[PDB]
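4 protein chains.
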Amino acid sequence: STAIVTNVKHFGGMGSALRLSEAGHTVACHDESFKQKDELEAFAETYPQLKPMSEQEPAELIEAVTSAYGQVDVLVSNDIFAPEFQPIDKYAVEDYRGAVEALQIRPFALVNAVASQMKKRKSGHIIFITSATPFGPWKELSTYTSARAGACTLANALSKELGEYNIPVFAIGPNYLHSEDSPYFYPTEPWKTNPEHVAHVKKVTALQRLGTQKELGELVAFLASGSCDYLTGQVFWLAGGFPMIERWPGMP
Amino acid sequence: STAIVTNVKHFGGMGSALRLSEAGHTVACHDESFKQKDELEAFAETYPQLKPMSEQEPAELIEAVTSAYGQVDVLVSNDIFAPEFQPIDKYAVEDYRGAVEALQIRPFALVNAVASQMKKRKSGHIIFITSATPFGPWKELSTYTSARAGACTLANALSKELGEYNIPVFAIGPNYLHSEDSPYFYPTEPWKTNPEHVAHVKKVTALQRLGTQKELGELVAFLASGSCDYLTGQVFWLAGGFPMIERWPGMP
Amino acid sequence: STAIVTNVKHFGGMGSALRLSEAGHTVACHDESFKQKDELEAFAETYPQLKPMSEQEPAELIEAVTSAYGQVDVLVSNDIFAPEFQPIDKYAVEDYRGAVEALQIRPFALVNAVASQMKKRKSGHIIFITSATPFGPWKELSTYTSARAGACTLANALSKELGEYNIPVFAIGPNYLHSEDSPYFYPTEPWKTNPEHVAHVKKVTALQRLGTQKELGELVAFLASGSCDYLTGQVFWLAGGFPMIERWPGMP
Amino acid sequence: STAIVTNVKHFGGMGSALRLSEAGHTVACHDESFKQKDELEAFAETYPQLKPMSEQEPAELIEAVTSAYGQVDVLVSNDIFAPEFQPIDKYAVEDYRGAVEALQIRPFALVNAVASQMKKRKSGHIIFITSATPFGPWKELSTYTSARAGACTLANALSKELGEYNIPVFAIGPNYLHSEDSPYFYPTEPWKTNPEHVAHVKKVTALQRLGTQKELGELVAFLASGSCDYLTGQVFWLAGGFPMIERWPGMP
Ligand SMILES: O=[N+]([O-])c1ccc([C@@H]2CO2)cc1
Ligand SMILES: O=[N+]([O-])c1ccc([C@@H]2CO2)cc1
Ligand SMILES: O=[N+]([O-])c1ccc([C@@H]2CO2)cc1
Ligand SMILES: O=[N+]([O-])c1ccc([C@@H]2CO2)cc1
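Protein sequence lines correspond, in order, to chains D, C, A and B.
Per PDB author numbering: the first sequence = residues 2 to 253.
Per PDB author numbering: the second sequence = residues 2 to 253.
Per PDB author numbering: the third sequence = residues 2 to 253.
Per PDB author numbering: the fourth sequence = residues 2 to 253.
Take a look at the structure:
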């Protein structure tokens, strides 16, 4: 079918787009850098199987993909934001508004724009790439963490109404997901190359390693395949067993 | 100590303010209507044991209560919003922005404004009145439900950083909480007067009744008393056993 | 690889075994009925793609499969129990002991018997088929529901220690999962053939239908394939959006 | 009213009994040591406000308290077990049976024995002291952690049926709860005396300290008072913000 992957260059974007395309889907890709023709053309050349779009806004993007490929069957809202770790009193209120806009309002706007066509034909899949941070909150990241939780619940809530139209809705919350060249949020440098970082990952995850783009991609393609729609409403914690809890003194 | 209860006329406002006052606290009350001298005066006359403030914005309010009474020891963010039940595609993106501003940004702004003083003296209590909808979402209320989830997690996330400063943070998520004359969200009419509504409540809650303002107030005062700070991070589901799940055919 | 599916004739047994086999795995199958050669041979003839075992106990089963097929790479603990619905005071304490033995001790015993070999190779996958009842408890089924919760947490706890040996552990908790000819727990008759039952499923699930053995099988095969080990520790709610929560009077 | 607190000398026993008594309740106490006359009398002398009982089994205990004090209004099932940390394959299946019998079957048996009298008069409170380990499992404690999870769910499931009879059911899950002279599970020595243990607690809890018996008691008394029955079904995590999750390299 036809799929849309947002912010393709970052977070769970490449894994999702690449595997979806390998599965036979036509994959329209969005990214902030695609505003520049040079960036869009370069992407199209490197990944000829993907279909980069210049459209930036929700309604604009959904309309563009629908016109170019007929309809949108799979929506992968791969949302990102660049937060700072700050004590609550050090954040500016605008810092939270920014987090909520990028992590909650955006996915909401995308579903709001594509839901009608999916409901009319009673078919489609909606996948939010959120975060596992709500499951094990770190101190001093209240904006990003709470916004991600809003997105997770948004997906679960949406599954309740869209199920009547045979539209599954899922949320994939990753952590320690290798992002390769993207800084969102675990790039090769330094996460796979610096001792302290490698050791940190070994300590906090059960599998003692970063998750791979391949793994995220396999999950996305599996859910979008229609092989297991009954998991609708699920929030998947793609965090390799994180968080590992510190044990008592003397214990290995 | 000195407490602040927002939107006192609605939701968990009166139960919280009244019980906190009976516990001996000086309770500064906020409400949109207090912007009008006539409304504020009428409230002060009816409730001489309460201290209504005219201030509307977070910083302005925190500053006024601090100036008049010395400091803010307890913050009860009784947040409200009037959402419409709507299919995802029928909402306007602005409807979600409105829900998040009222249910997430506001409590965040209040803590952002008061956290510094609490941290400097290493004492204080923060309580968010959220919702239990995230625990059992209804179809077609995605904006309100997801926003409330963001608030619940915000409370939990804040508990992690403020604990070092001896500041407990809690979230109380009610449902079917009798709101008396307030339309937010279970007024006496029709929830205690109309047969069908009375029957609905008896079916969906384990205790088969609406929760009382007194019960909410008791919990708020208990948490604010410093009797059980070790519950910091807790999201309390004040919903009387809701949700009750429909059983198989043949089962009463 | 080599997989083991217990209680193959019931619950998620057939879906798991059939899809695992279609995936290319050698699937050893356990069932209480296989104690009778007549039943085992009858099963073997009907399903040449499966390998029914006569062994009933954990240690004996693991040893038998290891001897016959080299080793056990995938363990699918498809646990079942036949509980009665009853008020807490009407149950016999033995009724709870029985539920716990069948739903907690059994999966524990199986992992206890196969873990050492998997750890030595630093490879293997463990899947518990539990229940979604803990997520939305019905009244009067305290034994079954709580035991299933124990099994879910057992899986999550195990993922923490086995991750170090590269062994993912998952729990799939279904509800309204079509069980075809098996009475555990949603057989064709009457769940797909009686109006009241069809209507009940339509009301309590978001997708308004029973889950299929195919869907459960696809998930089991996907997890066992090694395509997404990073989901280790996950409890999957395979309940089609259940539970759907009763809305206010007047709402459709 | 009349309350029963089990294993009073350990875990949440003393805080519960002491505060319930201070609240004016007649508190019948159970403990394995009370099997010996010398132990029961020594306890009665030290704590004259408490009523130690010699009864050990659920039925006889409920009956004895009912005969002596008229009825059982509050049941505080303070369950304990002394597990060993072990890799799954190192445990004996009997070690899990032992954990489940003490942490799941026991509370179930007590409610099974007292539920009828509470239902007949439509009044009563049931509180299980479980554990917060299910919320953040450590590696190698699969027996204890999963059993405690079963108990938490048992309480939640029970709230659904007993609510109709006006009987709230709660579960209090502590961790890092100072147990003073009792080895279950954080005695003064070494948790408040050894530097490494003191440092560990300051690291893994948000409040950076052990919880007190006083705090636990305050919660139990509050819940038993009938001041906030609408919290029925709640699982309280009395863990001071635990778990604190390790942050990235460079962050303090
Ligand atoms: O900003 N951060 O430090 C950050 C850390 C982790 C995440 C994981 C992927 O959700 C996201 C953001
Ligand atoms: O708008 N609504 O229909 C609504 C219903 C229930 C709530 C409960 C209190 O959280 C809030 C809003
Ligand atoms: O006995 N029962 O009524 C029953 C109902 C539901 C289940 C779901 C699959 O876990 C199991 C048993
Ligand atoms: O055995 N243990 O090591 C243990 C550790 C912590 C607990 C906390 C109270 O639940 C219980 C048992």
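By construction, the Cβ of each residue, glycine as well, lies at the ideal position given by its N, Cα and C atoms.
Residue span of the alpha helix (DSSP H) that contains residue i, given as start and end
{"i": "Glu181 (chain A)", "result": "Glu181 (chain A) -> not in any alpha helix (DSSP H); beta strand (DSSP E) instead, spanning 179–181."}
{"i": "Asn195 (chain B)", "result": "It is not in any alpha helix (DSSP H) - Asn195 (chain B) carries neither H nor E in the DSSP assignment."}
{"i": "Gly16 (chain D)", "result": "14–23"}
{"i": "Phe129 (chain B)", "result": "From DSSP, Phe129 (chain B) is part of no alpha helix (DSSP H) but of the beta strand (DSSP E) over 126–130."}
{"i": "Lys52 (chain B)", "result": "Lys52 (chain B) -> not in any alpha helix (DSSP H); beta strand (DSSP E) instead, spanning 51–53."}
{"i": "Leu163 (chain A)", "result": "143–163"}
{"i": "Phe35 (chain C)", "result": "Counting along the chain, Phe35 (chain C) falls outside any alpha helix (DSSP H), and DSSP gives it neither H nor E."}
{"i": "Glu85 (chain B)", "result": "It is not in any alpha helix (DSSP H) - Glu85 (chain B) carries neither H nor E in the DSSP assignment."}
{"i": "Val94 (chain B)", "result": "94–101"}
Segment limits, beta strand (DSSP E) that includes residue i
{"i": "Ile106 (chain B)", "result": "Unbroken run through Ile106 (chain B): none, as it is neither H nor E."}
{"i": "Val73 (chain B)", "result": "Neither: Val73 (chain B) is in no beta strand (DSSP E) and is coded neither H nor E."}
{"i": "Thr3 (chain D)", "result": "3–6"}
{"i": "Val28 (chain B)", "result": "27–30"}
6 Å CB neighbourhood of residue i in its chain, flanking five on each side removed
{"i": "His126 (chain C)", "result": "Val75, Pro169, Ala225"}
{"i": "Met119 (chain B)", "result": "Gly125, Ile168"}
{"i": "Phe82 (chain D)", "result": "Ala100, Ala103, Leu104"}
{"i": "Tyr185 (chain B)", "result": "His11, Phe12, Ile81"}
{"i": "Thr189 (chain A)", "result": "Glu181"}
Closest Cα partner of residue i within the set the options
{"i": "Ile89 (chain B)", "options": "A:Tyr48, A:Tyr166, A:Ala29, A:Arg149", "result": "A:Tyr166"}
{"i": "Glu64 (chain A)", "options": "A:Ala114, A:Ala83, A:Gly13, A:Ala222", "result": "A:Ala114"}
{"i": "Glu40 (chain D)", "options": "D:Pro53, D:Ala29, D:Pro138", "result": "D:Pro53"}
{"i": "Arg122 (chain C)", "options": "C:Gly71, C:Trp192, C:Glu33", "result": "C:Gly71"}
{"i": "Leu104 (chain C)", "options": "C:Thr189, C:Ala152, C:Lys215, C:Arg248", "result": "C:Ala152"}
{"i": "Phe44 (chain C)", "options": "C:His26, C:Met15, C:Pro59, C:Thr67", "result": "C:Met15"}
{"i": "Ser2 (chain A)", "options": "A:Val73, A:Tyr97, A:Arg149", "result": "A:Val73"}
{"i": "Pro108 (chain D)", "options": "D:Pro59, D:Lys38, D:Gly251, D:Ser117", "result": "D:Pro59"}
{"i": "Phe171 (chain C)", "options": "C:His26, C:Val77, C:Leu62", "result": "C:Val77"}
{"i": "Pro138 (chain D)", "options": "D:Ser147, D:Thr194, D:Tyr97", "result": "D:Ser147"}
{"i": "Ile106 (chain D)", "options": "C:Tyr97, C:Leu111, C:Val112", "result": "C:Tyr97"}
{"i": "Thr213 (chain C)", "options": "C:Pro196, C:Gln87, C:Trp192", "result": "C:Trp192"}
{"i": "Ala116 (chain B)", "options": "B:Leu163, B:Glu247, B:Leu62, B:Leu142", "result": "B:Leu163"}
{"i": "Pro253 (chain D)", "options": "B:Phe86, B:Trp249, B:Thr144, B:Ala110", "result": "B:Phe86"}
{"i": "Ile128 (chain D)", "options": "D:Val205, D:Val221, D:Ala110, D:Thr154", "result": "D:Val221"}
{"i": "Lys36 (chain D)", "options": "D:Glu61, D:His26, D:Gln235, D:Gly25", "result": "D:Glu61"}
{"i": "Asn79 (chain B)", "options": "B:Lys38, B:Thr131, B:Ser143", "result": "B:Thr131"}
{"i": "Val94 (chain D)", "options": "C:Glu95, C:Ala93, C:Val112, C:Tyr92", "result": "C:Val112"}
{"i": "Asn195 (chain D)", "options": "B:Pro250, B:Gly25, B:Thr154", "result": "B:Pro250"}
{"i": "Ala207 (chain C)", "options": "A:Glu42, A:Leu208, A:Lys140, A:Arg248", "result": "A:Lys140"}
{"i": "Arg248 (chain B)", "options": "D:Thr154, D:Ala24, D:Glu197, D:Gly25", "result": "D:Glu197"}
Neighbourhood of residue i by C-beta distance below 7 Å, restricted to the same chain and skipping five residues each side
{"i": "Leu19 (chain B)", "result": "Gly218"}
{"i": "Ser183 (chain D)", "result": "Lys10, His11, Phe12"}
{"i": "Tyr187 (chain D)", "result": "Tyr177, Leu178, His179, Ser180, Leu211"}
{"i": "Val28 (chain C)", "result": "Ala4, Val6, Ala18, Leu21, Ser22, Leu51, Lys52"}
{"i": "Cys30 (chain C)", "result": "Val6, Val9, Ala18, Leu51, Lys52, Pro53, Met54"}
{"i": "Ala150 (chain A)", "result": "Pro135"}
{"i": "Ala110 (chain C)", "result": "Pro59"}
Contacting residues, own chain, Cβ-Cβ under 8 Å from residue i (five flanking each side not counted)
{"i": "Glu33 (chain C)", "result": "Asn8, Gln57"}
{"i": "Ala133 (chain A)", "result": "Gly174, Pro175, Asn176, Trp238, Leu239, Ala240, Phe243"}
{"i": "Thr67 (chain B)", "result": "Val73, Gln118"}
{"i": "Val205 (chain A)", "result": "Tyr177, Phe243, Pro244, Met245"}
{"i": "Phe223 (chain D)", "result": "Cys229"}
| task | Spell out a yes or no on whether the stretch 157–165 of chain C and the stretch 199–207 of chain C are touching, meaning 3 or more CB-CB pairs, one atom from each, closer than 8 Å. | result | Because the criterion of three Cβ pairs below 8 Å is not met, the stretch 157–165 of chain C and the stretch 199–207 of chain C do not touch.
| said: With three or more beta-carbon pairs closer than 8 Å as the criterion, would you say the stretch 227–234 of chain D touches the stretch 35–51 of chain C? | reply: Note that the stretch 227–234 of chain D does not touch the stretch 35–51 of chain C; fewer than 3 beta-carbon pairs, one per stretch, sit closer than 8 Å.
| message | Please give the ranges of any beta strand (DSSP E) in the stretch 170–249 of chain B, keeping only runs that are unbroken, at least 3 residues long and fully inside the region. | response | Given a length threshold of 3 residues, each whole run of the beta strand (DSSP E) inside the stretch 170–249 of chain B is given here in chain order: 170–175, 236–239.
| Contact between the stretch 231–244 of chain B and the stretch 235–244 of chain C (3+ Cβ pairs under 8 Å) | Counting Cβ pairs under 8 Å, three or more are found: they touch.
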